[PDB]
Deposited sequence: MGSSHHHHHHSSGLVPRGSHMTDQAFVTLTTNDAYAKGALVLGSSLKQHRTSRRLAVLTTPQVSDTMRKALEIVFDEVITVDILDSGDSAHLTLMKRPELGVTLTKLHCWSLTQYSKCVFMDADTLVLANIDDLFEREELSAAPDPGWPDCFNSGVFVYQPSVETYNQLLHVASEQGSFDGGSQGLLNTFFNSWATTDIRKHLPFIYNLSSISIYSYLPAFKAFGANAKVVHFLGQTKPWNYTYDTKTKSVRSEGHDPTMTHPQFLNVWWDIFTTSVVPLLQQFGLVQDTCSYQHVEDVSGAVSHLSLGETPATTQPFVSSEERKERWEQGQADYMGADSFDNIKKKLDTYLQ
């Protein structure tokens, strides 16, 4: 309850919008857990203040600062900035168990049952199913694990340049061990898989609990008509329209309070 949380991340104002929508969707579906978001100094004061209303806790991380434990590793592998910031999710020892969620995800139903899972639990990644998608995962905050993850980042880096490669390398038993650590795909439904593998989507898509907007084009990169309540041209904009309805209804007016 108080010791468990959903954790997201935002390094800029664009992803902050995503974080704000994600946070609102979690409250909308009455989560009994806390909401935390990792932010960087590059996030504007207005976005930061909005996040302070939506989330129960707003933590500030600055790996660009020499005082940060990940900085040394950043100098060695500068292309891993976002990934190194994301790893600080393991530094939140005020929580016994958390569910990390990318700022570009959207909750469509209560997913508190994820807290029954153990580290490391995640849904399979489309494209290479033997790797889990790092957009949504169940983990347990720990300084030891964090240090172990930093060590691997320093020595090996990430085979994909992001957090997915690093996490899959460290939590390498995922593909062959414990089916319970394989989160059902509907807990991290790739938006690409939706408009593509149409048959499978038509069959199981209605059970979606979380949508992950993976492409280059994020939800905030579209134009939304408030009158027709739909984005402008995608055979399935329904999810983009939900994202935008929350943004229009709860997020935008909240940003006007400042």
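Absence of C-alpha coordinates is noted for several segments of the deposited sequence, namely 1-20, 254-259, 285-353.
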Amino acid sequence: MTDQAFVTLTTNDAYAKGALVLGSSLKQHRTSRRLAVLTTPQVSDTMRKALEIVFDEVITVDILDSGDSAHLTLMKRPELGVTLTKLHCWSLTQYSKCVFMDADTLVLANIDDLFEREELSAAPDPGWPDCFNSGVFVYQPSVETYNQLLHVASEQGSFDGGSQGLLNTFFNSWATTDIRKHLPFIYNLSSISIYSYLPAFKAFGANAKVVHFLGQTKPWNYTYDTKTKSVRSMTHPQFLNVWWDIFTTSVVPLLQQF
From here on, numbers count along this sequence of modelled residues.
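In this entry, 151-159 has the higher mean Cα B-factor, the comparison being between 151-159 and 99-107. Of the two stretches examined, 193-201 and 210-218, the record assigns the greater average C-alpha temperature factor to 193-201.
In the PDB entry, a CA B factor belonging to the lowest third of its chain's modelled residues is recorded for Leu9.
Sort the chain's modelled residues by C-alpha temperature factor and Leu84 lands in the middle third, per the entry.
Looking at the C-alpha B-factors along this chain, the one for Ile179 belongs to the lowest third. The PDB entry assigns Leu114 a C-alpha temperature factor belonging to the middle third of its chain's modelled residues. In the PDB entry, a CA B factor belonging to the lowest third of its chain's modelled residues is recorded for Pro129.
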